[PDB]
């Protein structure tokens, strides 16, 4: 399979300016070209894209610039003979730092202080409100690149770390790992529950009213995975009733989050606009994977992060 061109789909703009990425891929050994949204593809084309387009099935290879490839019809790629790769492996530091930032925000009450800053108010916390992450329990659901980025930072901060993954097998810096049919055992005693799984048939709606019942009333949910891993209306109901204390949410069942969502209005909810993995160097981070896979395809080696 003989790549002659890398097309950079305009949808990459949802993560990074296309020209920054195109410039990062100079010296690839094939030309790199911008592709607008209604262009055609053919043999010899590789495409780098955020979203899926059916026109891509005329190309030889699509590199999805996201870790999560849930919006791509994987079955149709195989039939068309188009390779599909993803960008898992590059988001550990960005998302790990954002999640550490969410947990420290809640522990040290930074968000409440920011609210007060708008009012020029010197509002002192109640004695019980500020706490330390050190000594507190976090459950990380999904123990891959994202989850491990969270775990390693949580462990370094002195948290007790448990988690969940498909295999249930051990992970460094996780004291106890559970399979997904022991999720309720994993989350029950945690001060924070972090979601870092792909969106699949299995994970869709994982976290719903039963899970919020099981969680501690003083616990917070962190979702940096995909919105539909949570049943969003159940999350709203749990927040309304005080079944849990709050949440840090980067992803939602409808994005952008509608202006009329109830989720904006809770003091102890942090909303971030699907930017937990944002970075001014995303173009370099993704370019490294493209260079790697170009070499693999050129030499007949197995592609890195091949989905189908």
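Residue numbers count along the first chain shown, from 1. Superpose the two forms; the largest set of C-alphas matching within 1.5 Å is the rigid core.
With 53-61 and 235-243 as candidates, the stretch whose CA atoms show the greater average offset from this form in 5 other deposited structures of this protein after a core fit is 53-61.
Here the rigid core sets the fit, and in 5 other deposited structures of this protein the C-alphas of 67-75 stray farther than those of the other stretch, out of 67-75 and 208-216. Stretches 132-140 and 82-90 differ in mean CA B factor, with 82-90 having the higher one.
Of the two stretches examined, 226-234 and 70-78, the record assigns the greater average C-alpha temperature factor to 70-78. Set against one another, the Cα B-factors of 274, 281, 53, 63 in the record reach their highest point at 53.
Ranked within its chain, residue 28 lands in the highest third, by CA B factor from the PDB record.
Ranked by Cα temperature factor within the chain, residue 158 sits in the middle third according to the deposited record. Residue-level temperature factors show residue 188 in the highest third of its chain, judged at the C-alpha atom. When all modelled residues of the chain are sorted by CA temperature factor, residue 167 is found within the highest third. Among the modelled residues of its chain, residue 255 has a C-alpha B-factor that falls in the middle third, as given in the PDB entry.
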